[PDB]
Amino acid sequence: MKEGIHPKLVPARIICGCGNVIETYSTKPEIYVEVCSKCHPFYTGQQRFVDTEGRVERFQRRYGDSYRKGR
Amino acid sequence: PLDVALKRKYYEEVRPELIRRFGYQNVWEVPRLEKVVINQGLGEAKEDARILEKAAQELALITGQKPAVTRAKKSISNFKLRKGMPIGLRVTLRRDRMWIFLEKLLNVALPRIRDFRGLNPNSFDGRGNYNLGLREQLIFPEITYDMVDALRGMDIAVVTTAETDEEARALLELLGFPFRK
Amino acid sequence: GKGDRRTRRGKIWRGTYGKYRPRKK
Amino acid sequence: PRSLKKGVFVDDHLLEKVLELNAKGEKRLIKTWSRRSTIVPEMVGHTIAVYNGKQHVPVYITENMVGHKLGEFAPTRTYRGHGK
Amino acid sequence: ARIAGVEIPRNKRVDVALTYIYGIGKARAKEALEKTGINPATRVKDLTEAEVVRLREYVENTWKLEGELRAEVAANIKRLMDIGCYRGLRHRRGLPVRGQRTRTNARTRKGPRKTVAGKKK
RNA sequence: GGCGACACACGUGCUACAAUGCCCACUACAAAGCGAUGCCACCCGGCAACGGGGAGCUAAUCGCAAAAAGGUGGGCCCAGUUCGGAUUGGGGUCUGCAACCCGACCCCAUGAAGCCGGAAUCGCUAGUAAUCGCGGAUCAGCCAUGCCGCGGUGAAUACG
RNA sequence: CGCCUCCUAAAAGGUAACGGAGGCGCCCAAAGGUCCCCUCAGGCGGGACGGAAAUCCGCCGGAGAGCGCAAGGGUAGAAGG
Ligand SMILES: [Mg+2]
Ligand SMILES: [Mg+2]
Ligand SMILES: [Mg+2]
Ligand SMILES: [Mg+2]
Ligand SMILES: [Mg+2]
Ligand SMILES: [Mg+2]
Ligand SMILES: [Mg+2]
Ligand SMILES: [Mg+2]
Ligand SMILES: [Mg+2]
């Protein structure tokens, strides 16, 4: 490249609950961000915290236990 | 030169699985990416030239490379312009720099998208180049949010040496890009 | 306020009781 | 709301006309004056001519309307705009 | 540290800060912090990272948040659409759904005031 | 089924636009009324509306019932911000063949417009104005913010 | 009423009519000299605010772009950027 207003791009580190991406090679080393996808959380791995659906289990099957009108 | 895990992930897992899939005889017709490009279409920067001073370095913080501005090609009076009027700026990233930008892209930049339920998979040009654009820029970890005052996204380009998009869809899945199946 | 169904001042203006104004002083 | 102390489907006049249309075949549209009634779950895929005040409107019971009653699917008031 | 998506509250008193999140009210923010046992009187700027990730492990898993909660509610309106219910056509017309006499003042859901001819002038 | 329809216009009211203010905990002090084909003391379950048991009361001896403003202490730092509560989703409790058009509430989220009101216009001369709650009538229940009453704190001003 | 361009103009040139149809009385210290580099308009897909084209990819595109201004000749193996 060329000497001037150009970042040196030093090897860095990023911390989260997901883990420490050791390499990551970016400017402003030892940065803090909220999450890291594709490690363990963030749906690619099929988490489904709430499994939101209310058309069958309380609207079609097991219906006599309570009333209706949606999910 | 600089040891990159994404190119290590390429050369160890992604590279040999594709030879098994399509039966590439030689080591070269296998899909390979070189020269990814980022375009920031600042159409709202037609009036101001000081706002680009506060946007070129902020795109440079996530790439590690200074971007170049692009001038207006012609003139259309429905938009405020002239033959000059620096509107957008575009930077291209290559070997050892394009790899590290993608590593921060798939894992740290991409999850910040609210309600992200996969990428649009039929966004291929037909040759093998998967384009996509983003509307927010603070998704990158280099932005601390306490230095941003203007909200502006970007259009990162894409590249491959694949003749068809069917060859690139696999490499775009084995490297880790989340799609809508 | 007096019309806010989730406060002491709103329950007394309405006349109903609940979590934000129990039947116990 | 009944608040679960008592069960749903208060009217006993139209269930006598629909509880055998499941065992016996011959799917037939039936007219009614029971707007106050609740919808029936075991009779999806049929039609009912619910009275709105002057004309019995036919309504296809689909898989989504197993929750609401019969009067919401029978408007007693029409508007069609007021720009005329 | 961002807790609920990206747009989160920060700077001065966690107890009423969390309320700014759609899907998080005054009661469930009091129902979710004592179970984490965090002092409601602390300012959000000075916290240890252990509880800000422990709080980012307890509210976004127990229930839906701003983005995904809007997706169900907007589709709940669409689910109550294309069936012909009174609740469905009342939204498509953009008028209030629970009674609320539309002859007089109902400008909250209808919108701004419009003016028509208005006879006898 | 409609009298409650709504692209509109007007009158009467209610709650607000906040810091001589809002929220939370504790602590006081009234008058007038009503209630054994009812008011419900007191426990138990539910975050709650309420439900199950169940004592007393033809009632200046029982119940509605808690009065609120006020007082003590803490939080908020004046930002459409725990001001403000509309609108909408879900879940529910009672009354009642029976609550979608047409109820009343309870809970969890919404938490919008409004930051002091153009031209005009109203009420009041001493415990009134302002502000704060309570009861009754009809009524199974109720859209009652209405109406009829009751008390608490308590101004200013009137040359003419 | 003078000048430029096309036609009439009959294949060198030239050629008239109150014949057909347009422009000019300027502009530029960069729009000039030299050296170096670069290739257009369009069409098709793809891509946040982006619409018939604001900036960007990837093919196709030897001239229809452009060459300050009318028109003609000419031009990318550039006089264009
Ligand atoms: Mg919120
Ligand atoms: Mg007039
Ligand atoms: Mg009437
Ligand atoms: Mg006595
Ligand atoms: Mg007098
Ligand atoms: Mg000639
Ligand atoms: Mg000749
Ligand atoms: Mg000749
Ligand atoms: Mg396009």
# chains A, B, ... in the order shown; residues from 1 in each chain; ligands from 1

$ residues_near_ligand --ligand "ligand 8" --cutoff "10 Å" --atoms "only C-alpha atoms (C1' of nucleotides) and all ligand atoms" --output "number ranges by chain"
G: 9-14

$ interface_residues --of "chain D" --to "chain F" --cutoff "12 Å" --atoms "only C-alpha atoms (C1' of nucleotides)" --output "PyMOL selection string"
chain D and resi 1-5+8-13+33-39+51-56+67-84

$ interface_residues --of "chain C" --to "chain F" --cutoff "7 Å" --atoms "only C-alpha atoms (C1' of nucleotides)" --output "PyMOL selection string"
chain C and resi 2-4+18-19

$ write_last_selection --atoms "C-alpha atoms" --output "short mmCIF file (atom, residue, chain, number, x, y, z; two decimals), in the first residue's frame"
data_model
loop_
_atom_site.label_atom_id
_atom_site.label_comp_id
_atom_site.auth_asym_id
_atom_site.auth_seq_id
_atom_site.Cartn_x
_atom_site.Cartn_y
_atom_site.Cartn_z
CA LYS C 2 -56.33 8.97 37.66
CA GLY C 3 -57.08 7.11 34.46
CA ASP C 4 -53.98 4.93 34.58
CA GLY C 18 -55.52 -5.51 42.09
CA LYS C 19 -51.74 -5.87 42.14
#

$ residues_near_ligand --ligand "ligand 9" --cutoff "9 Å" --atoms "only C-alpha atoms (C1' of nucleotides) and all ligand atoms" --output "JSON, numbers by chain"
{"G": [45, 46, 47]}

$ residues_around --residues "residue 51 (chain A)" --least-positions-apart "6" --cutoff "12 Å" --atoms "only C-alpha atoms (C1' of nucleotides)" --output "VMD selection string"
(chain A and resid 57 71) or (chain E and resid 61 to 64 68 72)

$ write_last_selection --atoms "C-alpha atoms" --output "short mmCIF file (atom, residue, chain, number, x, y, z; two decimals), in the first residue's frame"
data_model
loop_
_atom_site.label_atom_id
_atom_site.label_comp_id
_atom_site.auth_asym_id
_atom_site.auth_seq_id
_atom_site.Cartn_x
_atom_site.Cartn_y
_atom_site.Cartn_z
CA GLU A 57 -51.72 -27.64 20.64
CA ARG A 71 -52.76 -18.78 19.70
CA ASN E 61 -34.69 -16.46 26.24
CA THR E 62 -37.72 -16.45 28.55
CA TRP E 63 -39.83 -14.36 26.18
CA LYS E 64 -39.96 -12.72 22.76
CA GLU E 68 -39.76 -11.07 16.94
CA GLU E 72 -46.14 -12.33 15.54
#

$ interface_residues --of "chain G" --to "chain B" --cutoff "10 Å" --atoms "only C-alpha atoms (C1' of nucleotides)" --output "list in words"
residues 45, 46, 47, 48, 49, 50, 53, 54, 55, 56, 57, 58 and 59 of chain G

$ residues_around --residues "residue 20 (chain G)" --least-positions-apart "2" --cutoff "12 Å" --atoms "only C-alpha atoms (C1' of nucleotides)" --output "PyMOL selection string"
chain G and resi 6-8+22

$ residues_near_ligand --ligand "ligand 3" --cutoff "12 Å" --atoms "only C-alpha atoms (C1' of nucleotides) and all ligand atoms" --output "ChimeraX atom specification"
/E:101,103 /F:2-4

$ closest_atom_pairs --of "chain A" --to "chain B" --cutoff "10 Å" --atoms "only C-alpha atoms" --output "tab-separated table"
residue	atom	partner	partner_atom	distance
A:1	CA	B:65	CA	8.8
A:4	CA	B:66	CA	9.7
A:5	CA	B:66	CA	7.6
A:6	CA	B:66	CA	6.1
A:7	CA	B:64	CA	5.3
A:8	CA	B:64	CA	7.2
A:9	CA	B:64	CA	5.7
A:10	CA	B:64	CA	9.4
A:11	CA	B:2	CA	9.9
A:14	CA	B:141	CA	8.7
A:21	CA	B:104	CA	9.6
A:22	CA	B:5	CA	9.9
A:23	CA	B:4	CA	7.6
A:24	CA	B:100	CA	6.8
A:25	CA	B:100	CA	6.7
A:26	CA	B:64	CA	7.3
A:27	CA	B:61	CA	6.4
A:28	CA	B:142	CA	7.0
A:29	CA	B:142	CA	9.2
A:31	CA	B:141	CA	7.2
A:32	CA	B:141	CA	7.3
A:33	CA	B:141	CA	5.7
A:34	CA	B:108	CA	8.7
A:35	CA	B:108	CA	6.7
A:36	CA	B:108	CA	5.0
A:37	CA	B:107	CA	4.5
A:38	CA	B:107	CA	6.0
A:39	CA	B:107	CA	7.7
A:42	CA	B:111	CA	7.3
A:43	CA	B:117	CA	8.0
A:44	CA	B:178	CA	7.4

$ residues_near_ligand --ligand "ligand 5" --cutoff "12 Å" --atoms "only C-alpha atoms (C1' of nucleotides) and all ligand atoms" --output "list in words"
residues 124, 125, 126, 128 and 158 of chain F

$ residues_near_ligand --ligand "ligand 2" --cutoff "12 Å" --atoms "only C-alpha atoms (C1' of nucleotides) and all ligand atoms" --output "JSON, numbers by chain"
{"E": [118, 119, 120, 121]}

$ write_last_selection --atoms "N, CA and C atoms" --output "PDB file, in the first residue's frame"
ATOM      1  N   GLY E 118     -69.940  19.947   4.443  1.00  0.00           N
ATOM      2  CA  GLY E 118     -70.643  20.409   5.624  1.00  0.00           C
ATOM      3  C   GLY E 118     -71.757  21.404   5.364  1.00  0.00           C
ATOM      4  N   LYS E 119     -72.933  20.933   4.935  1.00  0.00           N
ATOM      5  CA  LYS E 119     -74.098  21.760   4.599  1.00  0.00           C
ATOM      6  C   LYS E 119     -74.525  22.836   5.598  1.00  0.00           C
ATOM      7  N   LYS E 120     -75.380  23.750   5.123  1.00  0.00           N
ATOM      8  CA  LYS E 120     -75.931  24.901   5.849  1.00  0.00           C
ATOM      9  C   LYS E 120     -74.853  25.901   6.298  1.00  0.00           C
ATOM     10  N   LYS E 121     -74.273  26.579   5.308  1.00  0.00           N
ATOM     11  CA  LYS E 121     -73.276  27.621   5.546  1.00  0.00           C
ATOM     12  C   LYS E 121     -73.578  28.803   4.623  1.00  0.00           C
TER      13      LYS E 121
END

$ select_by_dssp --residues "chain B" --states "alpha helix (DSSP H)" --output "ChimeraX atom specification"
/B:5-9,15-22,56-63,98-104,165-174

$ residues_near_ligand --ligand "ligand 4" --cutoff "12 Å" --atoms "only C-alpha atoms (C1' of nucleotides) and all ligand atoms" --output "list in words"
residues 59, 60, 61 and 62 of chain F

$ residues_around --residues "region 72-78 of chain F" --least-positions-apart "4" --cutoff "12 Å" --atoms "only C-alpha atoms (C1' of nucleotides)" --output "list in words"
residues 12, 13, 15, 16, 17, 40, 41 and 42 of chain E; 18, 19, 21, 22, 23, 24, 25, 26, 27, 28, 82, 83 and 115 of chain F

$ closest_atom_pairs --of "chain A" --to "chain F" --cutoff "12 Å" --atoms "only C-alpha atoms (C1' of nucleotides)" --output "CSV"
residue,atom,partner,partner_atom,distance
A:54,CA,F:90,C1',11.2
A:66,CA,F:92,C1',11.2
A:67,CA,F:92,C1',10.8
A:68,CA,F:91,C1',11.4
A:69,CA,F:90,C1',10.2
A:70,CA,F:90,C1',8.9
A:71,CA,F:90,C1',8.0

$ residues_near_ligand --ligand "ligand 1" --cutoff "6 Å" --atoms "only C-alpha atoms (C1' of nucleotides) and all ligand atoms" --output "PyMOL selection string"
chain E and resi 19-22+24

$ write_last_selection --atoms "C-alpha atoms" --output "short mmCIF file (atom, residue, chain, number, x, y, z; two decimals), in the first residue's frame"
data_model
loop_
_atom_site.label_atom_id
_atom_site.label_comp_id
_atom_site.auth_asym_id
_atom_site.auth_seq_id
_atom_site.Cartn_x
_atom_site.Cartn_y
_atom_site.Cartn_z
CA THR E 19 -38.74 -0.32 30.23
CA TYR E 20 -37.63 1.38 26.98
CA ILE E 21 -37.53 -2.05 25.33
CA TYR E 22 -40.77 -3.03 23.59
CA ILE E 24 -40.36 -5.22 28.55
#

$ atom_distance --atom1 "CA of residue 8 (chain E)" --atom2 "CA of residue 30 (chain A)"
22.4 Å

$ select_by_dssp --residues "region 9-114 of chain B" --states "strand (DSSP E or B)" --output "NGL selection string"
:B and (36-40 or 68-70 or 88-93)

$ write_last_selection --atoms "N, CA and C atoms" --output "mmCIF file, in the first residue's frame"
data_model
loop_
_atom_site.group_PDB
_atom_site.id
_atom_site.type_symbol
_atom_site.label_atom_id
_atom_site.label_comp_id
_atom_site.auth_asym_id
_atom_site.auth_seq_id
_atom_site.Cartn_x
_atom_site.Cartn_y
_atom_site.Cartn_z
ATOM 1 N N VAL B 36 -13.011 -8.714 -3.213
ATOM 2 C CA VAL B 36 -14.356 -8.421 -2.725
ATOM 3 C C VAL B 36 -14.322 -6.897 -2.692
ATOM 4 N N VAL B 37 -15.457 -6.248 -2.947
ATOM 5 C CA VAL B 37 -15.529 -4.790 -3.039
ATOM 6 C C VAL B 37 -16.636 -4.269 -2.128
ATOM 7 N N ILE B 38 -16.435 -3.103 -1.515
ATOM 8 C CA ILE B 38 -17.449 -2.485 -0.668
ATOM 9 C C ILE B 38 -17.814 -1.133 -1.261
ATOM 10 N N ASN B 39 -19.109 -0.908 -1.483
ATOM 11 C CA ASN B 39 -19.615 0.350 -2.025
ATOM 12 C C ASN B 39 -20.543 1.017 -1.028
ATOM 13 N N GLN B 40 -20.263 2.273 -0.708
ATOM 14 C CA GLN B 40 -21.104 3.031 0.204
ATOM 15 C C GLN B 40 -21.765 4.159 -0.580
ATOM 16 N N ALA B 68 -11.718 5.017 -1.598
ATOM 17 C CA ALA B 68 -11.677 6.069 -2.602
ATOM 18 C C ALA B 68 -13.088 6.494 -2.954
ATOM 19 N N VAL B 69 -13.257 7.776 -3.184
ATOM 20 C CA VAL B 69 -14.556 8.334 -3.524
ATOM 21 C C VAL B 69 -14.800 8.142 -5.016
ATOM 22 N N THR B 70 -16.069 8.119 -5.417
ATOM 23 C CA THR B 70 -16.468 7.983 -6.809
ATOM 24 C C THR B 70 -17.344 9.174 -7.165
ATOM 25 N N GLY B 88 -20.678 8.848 -3.830
ATOM 26 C CA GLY B 88 -20.383 7.583 -3.208
ATOM 27 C C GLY B 88 -18.911 7.262 -3.204
ATOM 28 N N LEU B 89 -18.532 6.326 -2.347
ATOM 29 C CA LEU B 89 -17.156 5.886 -2.222
ATOM 30 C C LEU B 89 -17.121 4.365 -2.213
ATOM 31 N N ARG B 90 -16.180 3.813 -2.973
ATOM 32 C CA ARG B 90 -16.014 2.376 -3.136
ATOM 33 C C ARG B 90 -14.589 1.861 -2.967
ATOM 34 N N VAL B 91 -14.447 0.834 -2.129
ATOM 35 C CA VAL B 91 -13.166 0.219 -1.811
ATOM 36 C C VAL B 91 -13.201 -1.271 -2.131
ATOM 37 N N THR B 92 -12.096 -1.793 -2.658
ATOM 38 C CA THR B 92 -11.984 -3.203 -2.987
ATOM 39 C C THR B 92 -10.999 -3.867 -2.037
ATOM 40 N N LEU B 93 -11.335 -5.067 -1.583
ATOM 41 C CA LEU B 93 -10.487 -5.826 -0.679
ATOM 42 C C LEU B 93 -10.046 -7.124 -1.334
#

$ closest_atom_pairs --of "chain E" --to "chain D" --cutoff "7 Å" --atoms "only C-alpha atoms" --output "CSV"
residue,atom,partner,partner_atom,distance
E:83,CA,D:65,CA,6.7
E:84,CA,D:73,CA,5.4
E:85,CA,D:73,CA,4.6
E:86,CA,D:72,CA,4.4

$ write_last_selection --atoms "N, CA, C and O atoms" --output "PDB file, in the first residue's frame"
ATOM      1  N   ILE E  83     -60.258 -13.887   6.671  1.00  0.00           N
ATOM      2  CA  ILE E  83     -61.189 -14.856   7.225  1.00  0.00           C
ATOM      3  C   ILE E  83     -62.576 -14.224   7.246  1.00  0.00           C
ATOM      4  O   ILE E  83     -63.586 -14.926   7.174  1.00  0.00           O
ATOM      5  N   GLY E  84     -62.623 -12.895   7.321  1.00  0.00           N
ATOM      6  CA  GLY E  84     -63.882 -12.184   7.348  1.00  0.00           C
ATOM      7  C   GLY E  84     -64.435 -11.879   8.720  1.00  0.00           C
ATOM      8  O   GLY E  84     -65.638 -11.614   8.833  1.00  0.00           O
ATOM      9  N   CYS E  85     -63.615 -11.911   9.766  1.00  0.00           N
ATOM     10  CA  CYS E  85     -64.141 -11.625  11.091  1.00  0.00           C
ATOM     11  C   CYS E  85     -64.330 -10.124  11.251  1.00  0.00           C
ATOM     12  O   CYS E  85     -63.780  -9.334  10.482  1.00  0.00           O
ATOM     13  N   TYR E  86     -65.108  -9.740  12.268  1.00  0.00           N
ATOM     14  CA  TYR E  86     -65.364  -8.333  12.551  1.00  0.00           C
ATOM     15  C   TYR E  86     -64.088  -7.672  13.032  1.00  0.00           C
ATOM     16  O   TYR E  86     -63.922  -6.460  12.896  1.00  0.00           O
TER      17      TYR E  86
END

$ interface_residues --of "chain E" --to "chain A" --cutoff "10 Å" --atoms "only C-alpha atoms" --output "list in words"
residues 1, 2, 3, 4, 5, 6, 49, 50, 52, 53, 54, 56, 57, 60, 61, 62, 63, 64, 72, 76, 79 and 80 of chain E

$ write_last_selection --atoms "N, CA and C atoms" --output "PDB file, in the first residue's frame"
ATOM      1  N   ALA E   1     -22.510  -2.537  26.891  1.00  0.00           N
ATOM      2  CA  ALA E   1     -22.770  -3.797  26.211  1.00  0.00           C
ATOM      3  C   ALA E   1     -24.235  -3.878  25.831  1.00  0.00           C
ATOM      4  N   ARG E   2     -24.510  -4.163  24.559  1.00  0.00           N
ATOM      5  CA  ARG E   2     -25.887  -4.252  24.092  1.00  0.00           C
ATOM      6  C   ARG E   2     -26.593  -5.492  24.613  1.00  0.00           C
ATOM      7  N   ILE E   3     -27.745  -5.309  25.251  1.00  0.00           N
ATOM      8  CA  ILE E   3     -28.503  -6.415  25.833  1.00  0.00           C
ATOM      9  C   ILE E   3     -29.664  -6.998  25.024  1.00  0.00           C
ATOM     10  N   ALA E   4     -30.530  -6.161  24.461  1.00  0.00           N
ATOM     11  CA  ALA E   4     -31.688  -6.622  23.700  1.00  0.00           C
ATOM     12  C   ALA E   4     -31.529  -6.141  22.271  1.00  0.00           C
ATOM     13  N   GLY E   5     -30.974  -6.998  21.425  1.00  0.00           N
ATOM     14  CA  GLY E   5     -30.768  -6.615  20.042  1.00  0.00           C
ATOM     15  C   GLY E   5     -29.622  -5.634  19.956  1.00  0.00           C
ATOM     16  N   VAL E   6     -29.898  -4.469  19.381  1.00  0.00           N
ATOM     17  CA  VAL E   6     -28.915  -3.408  19.223  1.00  0.00           C
ATOM     18  C   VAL E   6     -29.381  -2.154  19.948  1.00  0.00           C
ATOM     19  N   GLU E  49     -19.142  -6.989  33.914  1.00  0.00           N
ATOM     20  CA  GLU E  49     -19.549  -7.686  32.699  1.00  0.00           C
ATOM     21  C   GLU E  49     -20.221  -9.026  32.965  1.00  0.00           C
ATOM     22  N   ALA E  50     -20.029  -9.589  34.160  1.00  0.00           N
ATOM     23  CA  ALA E  50     -20.608 -10.886  34.491  1.00  0.00           C
ATOM     24  C   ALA E  50     -22.126 -10.834  34.556  1.00  0.00           C
ATOM     25  N   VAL E  52     -24.023  -8.386  33.187  1.00  0.00           N
ATOM     26  CA  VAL E  52     -24.644  -7.817  31.999  1.00  0.00           C
ATOM     27  C   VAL E  52     -24.789  -8.911  30.958  1.00  0.00           C
ATOM     28  N   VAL E  53     -24.059 -10.018  31.105  1.00  0.00           N
ATOM     29  CA  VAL E  53     -24.170 -11.126  30.170  1.00  0.00           C
ATOM     30  C   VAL E  53     -25.050 -12.141  30.885  1.00  0.00           C
ATOM     31  N   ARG E  54     -25.227 -12.003  32.202  1.00  0.00           N
ATOM     32  CA  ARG E  54     -26.105 -12.932  32.895  1.00  0.00           C
ATOM     33  C   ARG E  54     -27.504 -12.389  32.687  1.00  0.00           C
ATOM     34  N   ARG E  56     -28.096 -10.845  30.001  1.00  0.00           N
ATOM     35  CA  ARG E  56     -28.219 -11.142  28.576  1.00  0.00           C
ATOM     36  C   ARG E  56     -28.166 -12.666  28.446  1.00  0.00           C
ATOM     37  N   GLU E  57     -28.869 -13.365  29.325  1.00  0.00           N
ATOM     38  CA  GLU E  57     -28.965 -14.808  29.257  1.00  0.00           C
ATOM     39  C   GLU E  57     -30.282 -15.155  29.934  1.00  0.00           C
ATOM     40  N   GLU E  60     -33.881 -12.490  27.120  1.00  0.00           N
ATOM     41  CA  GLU E  60     -34.072 -12.752  25.709  1.00  0.00           C
ATOM     42  C   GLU E  60     -34.248 -14.230  25.424  1.00  0.00           C
ATOM     43  N   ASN E  61     -34.463 -15.043  26.443  1.00  0.00           N
ATOM     44  CA  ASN E  61     -34.689 -16.463  26.243  1.00  0.00           C
ATOM     45  C   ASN E  61     -36.040 -16.831  26.828  1.00  0.00           C
ATOM     46  N   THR E  62     -36.435 -16.172  27.918  1.00  0.00           N
ATOM     47  CA  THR E  62     -37.715 -16.451  28.551  1.00  0.00           C
ATOM     48  C   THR E  62     -38.897 -15.990  27.713  1.00  0.00           C
ATOM     49  N   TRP E  63     -38.751 -14.879  27.000  1.00  0.00           N
ATOM     50  CA  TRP E  63     -39.834 -14.361  26.179  1.00  0.00           C
ATOM     51  C   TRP E  63     -39.339 -13.665  24.919  1.00  0.00           C
ATOM     52  N   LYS E  64     -40.274 -13.380  24.017  1.00  0.00           N
ATOM     53  CA  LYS E  64     -39.960 -12.718  22.761  1.00  0.00           C
ATOM     54  C   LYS E  64     -39.662 -11.243  22.966  1.00  0.00           C
ATOM     55  N   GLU E  72     -44.979 -11.490  15.267  1.00  0.00           N
ATOM     56  CA  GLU E  72     -46.136 -12.330  15.544  1.00  0.00           C
ATOM     57  C   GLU E  72     -47.400 -11.485  15.575  1.00  0.00           C
ATOM     58  N   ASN E  76     -50.471 -11.657  13.508  1.00  0.00           N
ATOM     59  CA  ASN E  76     -51.688 -12.007  14.234  1.00  0.00           C
ATOM     60  C   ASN E  76     -52.814 -11.192  13.628  1.00  0.00           C
ATOM     61  N   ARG E  79     -53.368 -12.831  10.513  1.00  0.00           N
ATOM     62  CA  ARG E  79     -54.044 -14.103  10.722  1.00  0.00           C
ATOM     63  C   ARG E  79     -55.515 -13.788  10.961  1.00  0.00           C
ATOM     64  N   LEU E  80     -55.817 -12.646  11.588  1.00  0.00           N
ATOM     65  CA  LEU E  80     -57.228 -12.334  11.783  1.00  0.00           C
ATOM     66  C   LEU E  80     -57.764 -11.650  10.530  1.00  0.00           C
TER      67      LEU E  80
END

$ decode --residues "region 4-15 of chain C" --atoms "N, CA, C and O atoms" --output "compact mmCIF listing (two decimals), in the first residue's frame"
# COMPACT_ATOMS: atom_id res chain seq x y z
N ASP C 4 -54.95 5.99 34.77
CA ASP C 4 -53.98 4.93 34.58
C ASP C 4 -54.41 3.71 35.38
O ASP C 4 -54.40 3.73 36.62
N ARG C 5 -54.77 2.63 34.69
CA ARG C 5 -55.21 1.39 35.32
C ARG C 5 -54.11 0.62 36.03
O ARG C 5 -54.35 -0.46 36.56
N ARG C 6 -52.88 1.14 36.05
CA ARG C 6 -51.78 0.46 36.72
C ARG C 6 -51.14 1.32 37.80
O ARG C 6 -49.92 1.49 37.81
N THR C 7 -51.96 1.89 38.69
CA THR C 7 -51.46 2.70 39.79
C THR C 7 -52.50 2.90 40.88
O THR C 7 -53.69 2.68 40.66
N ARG C 8 -52.02 3.35 42.04
CA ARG C 8 -52.87 3.60 43.20
C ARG C 8 -53.89 4.70 42.93
O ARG C 8 -55.07 4.57 43.30
N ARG C 9 -53.46 5.78 42.28
CA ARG C 9 -54.35 6.90 41.98
C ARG C 9 -55.38 6.53 40.92
O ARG C 9 -56.50 7.05 40.92
N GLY C 10 -55.03 5.64 40.00
CA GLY C 10 -55.98 5.26 38.97
C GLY C 10 -57.00 4.26 39.44
O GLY C 10 -58.14 4.27 38.97
N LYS C 11 -56.62 3.39 40.37
CA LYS C 11 -57.56 2.40 40.88
C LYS C 11 -58.60 3.04 41.77
O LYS C 11 -59.76 2.62 41.78
N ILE C 12 -58.22 4.08 42.53
CA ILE C 12 -59.18 4.72 43.41
C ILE C 12 -60.17 5.56 42.59
O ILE C 12 -61.34 5.69 42.96
N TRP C 13 -59.73 6.11 41.45
CA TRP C 13 -60.64 6.89 40.63
C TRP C 13 -61.60 5.94 39.92
O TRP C 13 -62.73 6.31 39.60
N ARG C 14 -61.15 4.72 39.66
CA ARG C 14 -61.96 3.72 38.99
C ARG C 14 -62.81 2.98 40.01
O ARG C 14 -64.02 2.82 39.82
N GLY C 15 -62.21 2.55 41.11
CA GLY C 15 -62.91 1.83 42.15
C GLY C 15 -62.62 0.35 42.18
O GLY C 15 -63.34 -0.39 42.87
